[PDB]
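A.B. asks: Below are the structure tokens for one structure; questions will follow.
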Amino acid sequence: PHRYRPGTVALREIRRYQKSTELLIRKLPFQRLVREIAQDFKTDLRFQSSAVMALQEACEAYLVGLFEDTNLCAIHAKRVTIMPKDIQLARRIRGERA
Amino acid sequence: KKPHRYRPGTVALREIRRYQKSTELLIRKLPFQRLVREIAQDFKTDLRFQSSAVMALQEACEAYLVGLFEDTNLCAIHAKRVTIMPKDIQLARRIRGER
Amino acid sequence: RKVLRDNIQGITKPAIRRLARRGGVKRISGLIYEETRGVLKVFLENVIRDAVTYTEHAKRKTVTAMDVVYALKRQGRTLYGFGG
Amino acid sequence: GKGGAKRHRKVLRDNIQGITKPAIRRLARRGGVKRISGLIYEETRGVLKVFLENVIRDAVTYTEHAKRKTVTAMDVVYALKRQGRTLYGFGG
Amino acid sequence: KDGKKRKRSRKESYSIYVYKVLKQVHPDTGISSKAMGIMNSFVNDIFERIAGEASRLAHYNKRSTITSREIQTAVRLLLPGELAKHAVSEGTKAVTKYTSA
Amino acid sequence: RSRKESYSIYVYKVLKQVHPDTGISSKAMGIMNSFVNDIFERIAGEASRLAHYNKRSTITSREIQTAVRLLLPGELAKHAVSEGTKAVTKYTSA
Amino acid sequence: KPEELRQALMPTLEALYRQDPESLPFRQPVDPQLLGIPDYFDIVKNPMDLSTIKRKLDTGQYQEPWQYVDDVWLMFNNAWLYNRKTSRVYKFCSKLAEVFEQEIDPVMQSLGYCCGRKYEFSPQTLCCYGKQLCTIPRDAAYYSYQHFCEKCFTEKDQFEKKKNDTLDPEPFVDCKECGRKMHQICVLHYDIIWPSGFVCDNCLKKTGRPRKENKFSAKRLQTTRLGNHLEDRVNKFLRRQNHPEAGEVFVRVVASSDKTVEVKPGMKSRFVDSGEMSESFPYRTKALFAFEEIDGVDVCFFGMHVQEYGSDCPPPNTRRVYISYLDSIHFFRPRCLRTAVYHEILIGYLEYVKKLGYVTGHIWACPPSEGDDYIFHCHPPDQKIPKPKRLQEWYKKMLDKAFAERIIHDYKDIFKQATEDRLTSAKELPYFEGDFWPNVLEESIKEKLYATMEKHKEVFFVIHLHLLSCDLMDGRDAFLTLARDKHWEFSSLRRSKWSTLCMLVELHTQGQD
Amino acid sequence: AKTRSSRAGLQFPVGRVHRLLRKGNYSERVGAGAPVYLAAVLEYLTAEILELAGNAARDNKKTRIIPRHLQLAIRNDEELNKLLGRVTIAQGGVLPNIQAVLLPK
Amino acid sequence: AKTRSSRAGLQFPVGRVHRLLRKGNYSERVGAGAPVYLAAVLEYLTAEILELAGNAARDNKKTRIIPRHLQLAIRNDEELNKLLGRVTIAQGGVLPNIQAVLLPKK
DNA sequence: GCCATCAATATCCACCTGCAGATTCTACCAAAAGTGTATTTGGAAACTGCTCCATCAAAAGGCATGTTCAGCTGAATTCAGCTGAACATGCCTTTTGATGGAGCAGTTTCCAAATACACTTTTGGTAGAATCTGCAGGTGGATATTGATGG
DNA sequence: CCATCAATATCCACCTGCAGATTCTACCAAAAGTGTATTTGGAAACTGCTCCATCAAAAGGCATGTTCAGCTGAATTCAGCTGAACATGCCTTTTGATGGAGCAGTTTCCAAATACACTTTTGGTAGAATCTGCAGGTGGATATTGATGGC
């Protein structure tokens with residue numbers, strides 16, 4: 001059976017998703033989460049489709065930028081696998097936590 | 001007969017406490033007015049400096065450096081180390097976005 | 001309206017893996033998925049709180065993309081293509 | 001003139017070198033740094049140097065607008081404000 | 001004496017008001033000039049921040065007047081729960097007292 | 001319905017000037033309109049702040065030029081200043 | 001002899017050497033090549049240093065020590081001139097010079113000379129001639145030939161352009177017997193007083209007869225009832241105090257005449273043409289001065305002028321006295337009674353006119369501007385100029401003290417007095433020569449009067465109480481001009497003594513009676 | 001008769017705030033209650049910041065507020081910490097904080 | 001019958017941007033040359049970014065500018081990247097960038 | 001390897017005392033600040049036209065979810081070259097105080113330059129239909145890329 | 001380890017259907033611009049007052065060299081974590097249609113904001129004189145940590 005060594009498919013999809021720009025998180029789970037937490041803030045609210053698209057794109061950009069920060073922080077410790085303390089440090093440097 | 005010598009770190013921790021409990025400026029004055037004078041004349045020749053403006057610049061620079069230094073210490077201790085390294089300051093400046 | 005809940009798991013493991021790959025991450029740990037879900041969630045209540053307060057200031061019950069642009073701009077995360 | 005025109009003319013120190021490395025060590029102690037690598041100081045010099053053209057130039061760019069050549073505390077504090085590092089106490 | 005050499009530079013400052021507030025909150029506590037400048041700068045920059053938020057709230061919704069609701073929502077944006085609720089309560093009390101005055 | 005102005009036609013004219021055979025999508029037009037509106041708001045607000053700082057109640061070319069210098073770095077700033085001087089000279093020459 | 005001069009002058013010079021590091025640059029002659037100052041000889045024509053002084057003393061090249069003093073001051077001036085005030089050498093020279101004054105006097109006082117200081121008069125200001133009214137400004141470019149201002153000649157190149165910075169040295173006298181050079185001010189010798197020449201006290205000690213009595217003293221000046229009353233009151237107060245440092249005080253009126261004040265053209269047209277008041281108001285002017293016995297000589301310490309309108313003067317000036325100018329010197333002994341003495345003068349005047357029948361007195365309490373001398377030229381630099389509030393408090397204390405003795409019936413300010421009198425026209429204001437109010441009214445006519453009174457409320461004081469011909473003292477201008485021309489300064493005790501002696505001689509010999 | 005600040009029971013000047021709003025070019029028209037609410041909000045924030053500054057001073061055995069006490073007060077309250085988190089404080093120093101790895105043993 | 005936009009030799013409407021300046025509540029008064037300068041700056045920025053976007057599209061064998069082309073233009077110009085460092089382009093993506101360490105370590 | 005403890009040290013505190021800095025009191029006044037009156041107006045309510053916001057049907061293929069094996073990556077352990085920490089030594093550079101004038105601000109004039117607004121003309125959105133067009137998407141095969149197969 | 005080879009993802013040219021980009025016809029109200037009228041921000045000249053650069057001494061530090069305990073990375077080994085692959089199936093994603101809650105346009109109009117005009121108070125500023133919080137200076141003194149030493 002043909003099998004690729006670990007990391008080859010991961011790097012292939014790294015170029016694949018760095019080449020394309022389509023929305024990468026599927027829509028309605030994000031829509032439903034937004035609806036739930038907004039109802040937690042305020043009930044009986046309504047949402048435009050463009051508004052949900054804007055939320056999705058902004059959150060994707062925020063998480064992906066956190067992901068380059070994550071890779072830099074991880075390779076900072078001579079590592080190629082990411083663990084939560086990496087983004088914790090990244091956010092505390094960014095000022096998001098402290 | 002073997003004059004008294006503190007181990008590496010005890011005096012370092014003492015200085016940590018001393019400079020975290022105090023608020024006086026740490027950058028010497030006259031070099032700072034010099035630096036601002038040459039760097040300002042690099043943009044506009046024959047500038048004049050107020051004492052308050054220089055004090056504000058010095059305080060802002062010290063605050064920026066000290067905060068970047070906790071950032072750098074955090075980056076260093078993240079790598080299972082105690083000594084700050086140029087990769088630590090580069091990572092801190094990259095994450096801050098200034099680079 | 002129905003009181004829906006527990007859709008934070010809707011941010012699937014392959015989706016978070018894809019987002020990490022787009023960010024240049026080669027190897028991902030197990031708890032990364034859920035803890036980045038938490039970080040995403042936090043950003044979500046912050047942004048929607050700002051947007052919903054914007055909308056309530058306008059005496060509207062429908063959240064528009066324009067107030068979303070307002071919230072992103074006021075959070076230092078300005079977004080283009082949706083107005084503003 | 002004559003006499004006293006040779007007061008501390010050892011100008012043989014670079015402008016960036018005037019940061020007085022023990023002051024950098026003091027700042028690190030205030031920053032909670034326990035151990036410092038030997039060649040760190042100079043790069044921090046450059047780093048702080050960068051911050052200066054990040055800040056003072058802005059204030060300097062203010063100066064010609066008011067038809068002045070003297071930088072004031074208001075120019076400095078507003079240059080800090082526009083850069084996201086607002087300062088208190090020099091707004092009088 | 002026209003063109004008096006003493007002074008004509010009336011500098012806007014909230015010093016006496018901050019001192020009075022210190023008196024109500026702490027009658028037997030002093031204050032330094034540098035700390036007073038810190039207080040003046042803090043209250044100032046908070047003023048421009050809140051005024052800018054109110055102005056943008058008015059502008060974006062095609063509203064040409066800044067009213068109490070604008071500053072209500074501006075405070076809600078700028079301040080999280082505890083500070084926001086306390087500030088809203090005290091401001092509502094103040095405006096109610098002013099209206100009933 | 002309420003009129004909603006946009007800079008689509010001016011951007012189209014500019015891109016014809018710089019690229020006669022290049023088109024743009026509607027989403028690209030939205031991105032460009034958002035960018036121009038955001039930079040307009042930023043530099044106009046900086047000019048307003050600069051006018052307020054010097055107790056000045058009018059936005060003229062000098063303070064808006066200074067604000068552009070503050071926000072635009074380097075080569076873009078020099079090009080903007082030079083083109084603005086040329087444009088104001090042309091405007092006042094007629 | 002060189003030996004005595006050396007044994008005298010080594011202590012002060014060695015004390016100058018003791019100062020370090022101030023005296024280090026003065027150990028050797030200035031070398032332009034070594035110091036890199038090729039322009040040193042372009043500015044300093046005759047340089048000298050401490051080593052030159054030592055070598056010149058060691059060879060006995062001095063026959064009298066004033067050459068030593070002149071050389072030391074000349075090298076001090078060279079050091080001050082070539083070097084900038086902020087430089088090392090300037091302040092080093094200042095410290096060395098200060099040590100020089102601190103050390104020179106006791107040494108040279110034992111060698112048979114009056115003192116050891118080099119004295120230079122204040123910069124003598126000149127006066128214009130084309131305009132006959134303006135003067136030559138000090139420390140500025142001036143025009144002169146064989147003197148004009150910068151704006152006089154402008155409304156051909158033979159003029160000489162310079163800046164007024166020259167100084168006048170003190171006059172020197174040579175003893176007819178010894179020949180030693182002496183300061184004329186220090187020895188208090190004057191040619192008309194002593195036509196036989198200047199003889200030092202040492203020579204008169206070899207003769208037995210001391211210096212003959214000076215007939216040109218303040219005591220022998222013509223006495224007047226007002227001056228006699230003032231001097232009697234001052235002497236009685238001093239006797240009651242019985243201060244050991246206090247001396248006899250002589251008050252003499254040296255000038256008295258009758259003049260008229262003319263209404264200025266604006267008020268002449270506004271009020272004189274209608275005939276409600278006369279064109280001019282007659283009055284009597286008097287000048288009195290106070291002299292005290294200090295160190296065996298008379299010292300002038302007070303001067304003041306009055307204008308007296310009698311009962312025949314038309315209103316509103318009828319039966320009034322006005323204090324025009326007031327001046328004083330703070331060298332009175334003791335200082336603690338100085339102020340207390342001044343009261344006893346002016347209060348004594350206020351009572352005296354009260355005995356004559358005068359009803360109203362006027363005081364213009366305005367502090368002098370810096371550089372403006374009222375009566376005495378060259379006020380001492382260390383004499384404090386009182387603040388206007390201080391001067392008002394001083395006058396209020398005077399009026400309260402006089403009220404305590406039941407001499408003054410009341411005292412107010414001009415604004416409150418006008419409000420109480422229900423004055424409705426500016427014509428009711430008193431008219432005095434050179435007074436501020438006539439000029440204010442003229443300015444108002446040229447272009448709110450009660451507002452002007454209120455602004456200067458504390459300046460003017462109104463007091464309710466109920467011939468010697470001398471051209472020199474007929475007004476404050478002639479005496480000031482003569483003092484400036486003859487360098488009659490009151491800046492120091494010895495200079496004040498010399499000026500008092502000169503003015504007493506002038507009054508005694510140049511009078512018109 | 002009564003000042004707008006007194007009518008609202010506020011120490012801060014309502015009229016001065018309204019004048020600043022007029023000159024600040026935030027809107028050509030300003031509501032009547034906007035300066036009152038601004039005065040109340042700034043009074044509130046001043047009240048707790050000075051309260052915490054006095055608490056820090058009395059914990060530091062001091063009776064005069066100094067910028068060190070001001071930073072100790074502002075940083076120790078996490079909400080107040082984020083209010084001035086992107087703000088540089090003069091003459092305040094830093095909080096006493098040492099990492100676990102830095103401590104001996 | 002000459003418009004002030006054509007009078008200044010600019011493509012952007014000076015009148016509209018001046019009206020927006022007046023409506024923007026920046027001060028009590030607005031100078032005459034300020035809208036001209038503002039329009040010139042805006043047109044220069046849009047011209048530069050559109051030229052870069054067209055170059056990127058040509059590099060991608062594309063003749064229609066898409067948000068991906070705009071993102072490529074904004075990110076590959078360090079000055080323009082500094083201009084838009086805190087702004088997200090919708091449907092723009094990220095630059096292809098893989099660290100050397102991420103590459104195989106054979 | 002633990003730890004109980006002579007001994008030098010910086011520092012907390014018990015105290016203090018003089019001074020720069022903070023606090024108290026009297027007085028003037030232009031600058032706001034409060035109140036009165038006529039004017040203008042932005043937005044409240046009232047009703048309604050209308051766009052998209054929310055909601056239910058259906059199906060089938062794109063990934064979502066679960067399981068397995070192991071490649072190798074993260075984690076723990078030793079240790080040795082060595083870079084920095086602590087410290088004594090020498091001296092020099094910094095800090096504080098005093099002093100000319102280069103410009104920071106206050107006063108006055110007046111003109112090129114800014115609003116207010118009533119028209120008139122050009123012009124930028126834009127309902128609506130028609131033609132043009134770049135690339136979404138599927139096909140097929142030559143082309144690198146990866147991994148471990150014979151030896 | 002260097003060489004070939006098989007399984008596999010990639011590039012890419014090509015061709016077809018179409019939502020979207022581009023071209024006109026006509027419309028049309030919102031601006032744009034010209035020409036008076038009115039007002040004012042500020043150019044420009046002259047000048048008093050700050051305070052900033054320059055220069056001095058007194059002093060609180062900074063710059064080098066030495067010794068070495070401890071820091072960091074290279075080398076080594078290994079448990080198990082997640083990547084690659086695959087099977088099963090979940091739910092997706094669109095295309096479609098629909099009732100109506102809700103967004104927004106239009107009309108009316110009034111309490112609220114504004115522009116003066118006048119009277120009232122009042123925070124700034126300057127100078128005098130009183131009060132004091134605390135920065136250090138001096139006497140212990142105290143964990144405290146490195147070191148000597150005993151178990």
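In the structure tokens, chains take letters A, B, ... by order of appearance, with residues numbered from 1 within each chain and ligands from 1 in the order shown.
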Please provide as a PyMOL selection string all residues within 8 Å of range 92-95 of chain B, with the sequence filter that same-chain residues fewer than 3 positions apart are discarded (counting only C-alpha atoms (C1' of nucleotides)).
C.D. replies: (chain A and resi 69+90+93-94) or (chain B and resi 68+71-72+75+88-89+98-99)
A.B. asks: With 9 Å as the cut-off and only C-alpha atoms (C1' of nucleotides) counted, what is the closest atom pair between each nearby residue of chain K and chain I? Distances in Å to one decimal, ordered by chain and number, as JSON lines.
C.D. replies:
```
{"residue": "K:31", "atom": "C1'", "partner": "I:16", "partner_atom": "CA", "distance": 7.7}
{"residue": "K:32", "atom": "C1'", "partner": "I:15", "partner_atom": "CA", "distance": 6.5}
{"residue": "K:33", "atom": "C1'", "partner": "I:3", "partner_atom": "CA", "distance": 6.8}
{"residue": "K:34", "atom": "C1'", "partner": "I:1", "partner_atom": "CA", "distance": 8.5}
```
A.B. asks: Within 10 Å of residue 11 in chain K, counting only C-alpha atoms (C1' of nucleotides), which residues show up once you throw out same-chain ones fewer than 2 positions away? Write them as a PDB file with C-alpha atoms (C1' of nucleotides), in the first residue's frame, please.
C.D. replies:
```
ATOM      1  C1'  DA J 142       2.280  15.203 -19.951  1.00  0.00           C
ATOM      2  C1'  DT J 143       4.721  16.569 -15.932  1.00  0.00           C
ATOM      3  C1'  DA J 144       7.181  16.808 -11.328  1.00  0.00           C
TER       4       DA J 144
ATOM      5  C1'  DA K  13      -4.170  23.304 -22.343  1.00  0.00           C
TER       6       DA K  13
END
```
A.B. asks: Please identify all polymer residues within 7 Å of residue 37 in chain D, counting only C-alpha atoms (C1' of nucleotides), omitting same-chain residues fewer than 5 positions from it, and present them as number ranges by chain.
C.D. replies: B: 83-85; J: 84
A.B. asks: Can I get the selection written as a PDB file, in the first residue's frame, with C-alpha atoms (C1' of nucleotides)?
C.D. replies:
```
ATOM      1  CA  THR B  83      18.558  34.323  29.315  1.00  0.00           C
ATOM      2  CA  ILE B  84      17.032  36.695  26.758  1.00  0.00           C
ATOM      3  CA  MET B  85      18.132  35.985  23.183  1.00  0.00           C
TER       4      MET B  85
ATOM      5  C1'  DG J  84      27.689  35.715  31.372  1.00  0.00           C
TER       6       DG J  84
END
```
A.B. asks: Each residue of chain D lying at most 12 Å from range 48-62 of chain F should get a row with its shortest atom-to-atom pair and the distance in Å to one decimal, counting only C-alpha atoms; could you produce that, ordered by chain and increasing number, as a tab-separated table?
C.D. replies:
```
residue	atom	partner	partner_atom	distance
D:58	CA	F:50	CA	11.9
D:59	CA	F:50	CA	11.5
D:61	CA	F:50	CA	11.1
D:62	CA	F:50	CA	8.3
D:63	CA	F:54	CA	10.7
D:64	CA	F:62	CA	10.3
D:65	CA	F:62	CA	7.6
D:66	CA	F:54	CA	6.8
D:67	CA	F:54	CA	10.4
D:68	CA	F:54	CA	11.5
D:74	CA	F:53	CA	8.8
D:75	CA	F:53	CA	9.1
D:77	CA	F:53	CA	11.7
D:78	CA	F:53	CA	9.1
D:79	CA	F:50	CA	11.1
D:81	CA	F:49	CA	11.5
D:82	CA	F:49	CA	10.2
D:91	CA	F:53	CA	11.7
```
A.B. asks: I need the residues from that last selection saved to file as a tab-separated table (two decimals), in the first residue's frame (with C-alpha atoms), if you can.
C.D. replies:
```tsv
chain	number	residue	atom	x	y	z
D	58	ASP	CA	5.92	62.68	14.12
D	59	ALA	CA	6.31	65.35	16.79
D	61	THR	CA	6.53	66.92	11.72
D	62	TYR	CA	4.12	68.76	14.01
D	63	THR	CA	6.70	71.45	14.76
D	64	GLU	CA	6.85	73.10	11.33
D	65	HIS	CA	3.05	73.16	11.14
D	66	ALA	CA	2.84	75.62	14.06
D	67	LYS	CA	5.53	77.75	12.33
D	68	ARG	CA	7.89	76.81	15.17
D	74	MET	CA	2.20	68.90	23.61
D	75	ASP	CA	3.79	67.79	20.32
D	77	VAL	CA	2.41	63.69	23.93
D	78	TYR	CA	0.25	63.92	20.80
D	79	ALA	CA	2.90	62.02	18.83
D	81	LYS	CA	-1.11	59.41	21.27
D	82	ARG	CA	-1.20	59.00	17.49
D	91	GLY	CA	-0.42	67.89	28.71
```
A.B. asks: I'd like the neighbourhood of residue 60 in chain A as a ChimeraX atom specification, where a residue qualifies if any of its atoms comes within 8 Å (using only C-alpha atoms (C1' of nucleotides)), though same-chain residues fewer than 4 positions away should be ignored.
C.D. replies: /A:23-25,56,64 /C:19
A.B. asks: Expressed in Å to a single decimal, how great is the separation between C1' of residue 133 in chain J and CA of residue 74 in chain I?
C.D. replies: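 It comes out at 27.4 Å.
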A.B. asks: Do a neighbour search on range 61-65 of chain B at 9 Å with only C-alpha atoms (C1' of nucleotides), toss out local chain neighbours closer than 4 positions, and write the hits as a list in words.
C.D. replies: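 Counting only the stated atoms, we get residues 25, 26, 27, 56, 57, 69 and 70 of chain B; 24, 27, 28, 31, 44, 47, 48, 51, 52 and 85 of chain D; 88, 89, 90, 93 and 94 of chain H.
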A.B. asks: Since we have the selection now, will you write its residues out, keeping C-alpha atoms, as a short mmCIF file (atom, residue, chain, number, x, y, z; two decimals), in the first residue's frame?
C.D. replies:
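Contents of selection_25.cif, as written:
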```
data_model
loop_
_atom_site.label_atom_id
_atom_site.label_comp_id
_atom_site.auth_asym_id
_atom_site.auth_seq_id
_atom_site.Cartn_x
_atom_site.Cartn_y
_atom_site.Cartn_z
CA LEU B 25 14.40 57.13 35.54
CA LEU B 26 17.03 54.57 34.54
CA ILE B 27 18.32 56.15 31.32
CA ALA B 56 8.14 62.92 28.17
CA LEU B 57 10.23 61.27 25.44
CA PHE B 69 11.49 43.47 28.04
CA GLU B 70 8.75 41.60 29.90
CA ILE D 24 19.95 48.87 29.64
CA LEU D 27 15.79 48.61 32.42
CA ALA D 28 15.95 44.82 32.07
CA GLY D 31 11.53 44.43 33.07
CA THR D 44 18.02 47.08 21.99
CA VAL D 47 15.40 48.95 18.73
CA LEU D 48 15.02 52.04 20.89
CA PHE D 51 11.20 53.88 18.37
CA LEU D 52 12.67 57.38 18.32
CA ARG D 85 1.38 54.99 23.46
CA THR H 88 1.98 54.98 29.24
CA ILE H 89 2.15 56.21 32.84
CA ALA H 90 4.80 58.71 33.90
CA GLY H 93 7.57 52.33 37.52
CA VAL H 94 6.35 48.75 37.17
#
```
A.B. asks: Quick one: which residues from chain A are at most 10 Å off chain B, using only C-alpha atoms, as a PyMOL selection string?
C.D. replies: chain A and resi 65-66+68-70+72-79+85-86+89-95
A.B. asks: I want to know what sits within 9 Å of residue 42 in chain H, based on only C-alpha atoms (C1' of nucleotides), with residues of the same chain fewer than 6 positions away left out; could you give that as an MDAnalysis selection string?
C.D. replies: (chainID E and resid 43 46:47 87) or (chainID H and resid 12)
A.B. asks: For chain G against chain J, with a cut-off of 12 Å and counting only C-alpha atoms (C1' of nucleotides), what is the closest atom pair and its distance in Å to one decimal for every residue that makes the cut, ordered by chain and number, as JSON lines?
C.D. replies:
```
{"residue": "G:84", "atom": "CA", "partner": "J:100", "partner_atom": "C1'", "distance": 10.4}
{"residue": "G:85", "atom": "CA", "partner": "J:99", "partner_atom": "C1'", "distance": 8.5}
{"residue": "G:86", "atom": "CA", "partner": "J:99", "partner_atom": "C1'", "distance": 7.2}
{"residue": "G:87", "atom": "CA", "partner": "J:99", "partner_atom": "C1'", "distance": 10.9}
{"residue": "G:91", "atom": "CA", "partner": "J:98", "partner_atom": "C1'", "distance": 11.2}
```
A.B. asks: Distance limit 9 Å, atoms considered: only C-alpha atoms. Which chain H residues sit that close to chain E? Return them as an MDAnalysis selection string.
C.D. replies: chainID H and resid 4:13 17 21 24:34 36:48 50:51 54 57:58 62:67 70 79:80 83:84 89:91
A.B. asks: Figure out the distance between CA of residue 66 in chain B and CA of residue 33 in chain D, please, to one decimal in Å.
C.D. replies: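 Taking CA of residue 33 in chain D as the start and CA of residue 66 in chain B as the end point, the length is 9.7 Å.
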A.B. asks: Between CA of residue 35 in chain C and CA of residue 8 in chain C, what distance in Å does the model show, to one decimal?
C.D. replies: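 Spanning CA of residue 35 in chain C to CA of residue 8 in chain C is a straight-line distance of 11.0 Å.
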A.B. asks: Could you please write out, as a ChimeraX atom specification, every residue of chain C that DSSP assigns to alpha helix (DSSP H)?
C.D. replies: /C:13-22,32-57,65-74
A.B. asks: For each of C:50, C:45, C:67, C:56, take the minimum atom-to-atom distance to residue 59 in chain A, counting only C-alpha atoms, then give the residue where this is smallest.
C.D. replies: C:45
A.B. asks: Please identify every residue of chain D that has at least one atom no more than 9 Å from any atom of chain G, counting only C-alpha atoms, and report them as a PyMOL selection string.
C.D. replies: chain D and resi 1-5
